[PDB]
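Observations on chain architecture
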Amino acid sequence: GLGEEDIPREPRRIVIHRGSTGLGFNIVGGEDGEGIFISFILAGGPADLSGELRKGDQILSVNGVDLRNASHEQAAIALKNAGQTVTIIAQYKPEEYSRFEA
């Protein structure tokens, strides 16, 4: 269901169409049990133009590959190899993100 700022709480599918430098975001995590979280949205890049991904989204999967326990490098290489049309399953977890990034 919708959380308190109208972002779904449940895992949700976001389709990104890649740009010249990539997908337009950056990630943290992938170590010591922390999952892969979006930490940055590049202005005017694909993720920003889509408008759906948020800082504090956990990337659960990319093109059908589970990244819940993947390393940071494994997640980065998966994004790089995901092609021109990238299917992300994201789950918005602002509070958990803040606990890991504090």
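The rules behind each value
- Residues numbered from 1 in each chain as written, not as in the entry; some residues may be left out.
- Heavy atoms only, no water.
- Core = buried A, V, L, I, M, F, W, Y, C linked by side-chain atoms within 4.5 Å.
- Buried < 20%, exposed > 50% of the residue type's maximum accessible area, 1.4 Å probe, protein only.
- Helix = DSSP H or I, 4+ residues; strand = E, 2+ residues; numbered from the N terminus.
- Contact = heavy atoms within 4.5 Å.
- Polar contact = N/O pair within 3.5 Å; in protein donor to acceptor, adjacent residues only side chain to side chain.

Its PDB record attributes the structure to X-ray crystallography, giving the resolution as 1.2500 Å.

1. Side note on the nonpolar core
Counting 21 residues, the largest nonpolar core has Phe25, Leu53, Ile59, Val62 and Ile88 as the members making the most contacts within it. Listing elements by their share of this core, those giving two or more residues are β1 (12-17), β2 (25-31), β3 (34-41), β4 (57-62), α2 (72-80) and β6 (85-92). Setting aside its immediate chain neighbours within four residues, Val62 contacts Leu67, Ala78, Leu79, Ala82, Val86, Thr87 and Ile88.

2. Side note on the side chain of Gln58
Mapped onto the elements of the fold, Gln58 is located in strand β4. Looking at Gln58, the relative accessible area reads 5%, which means it is buried. A polar contact is formed between the side chain of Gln58 and the side chain of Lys93, at a distance of 2.8 Å. If we skip the residues at most four places from it in the chain, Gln58 touches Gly35, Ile36, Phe37, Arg68, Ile89, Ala90, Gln91, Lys93 and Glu96.

3. Notes on the environment of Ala90
Position of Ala90 among the secondary structure elements: in strand β6. With 78 residues separating them in the primary sequence, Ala90 and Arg12 have C-alpha atoms 5.5 Å apart. Discounting chain neighbours no more than four positions away, the residues touching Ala90 are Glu10, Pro11, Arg12, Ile14, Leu53, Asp57 and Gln58.

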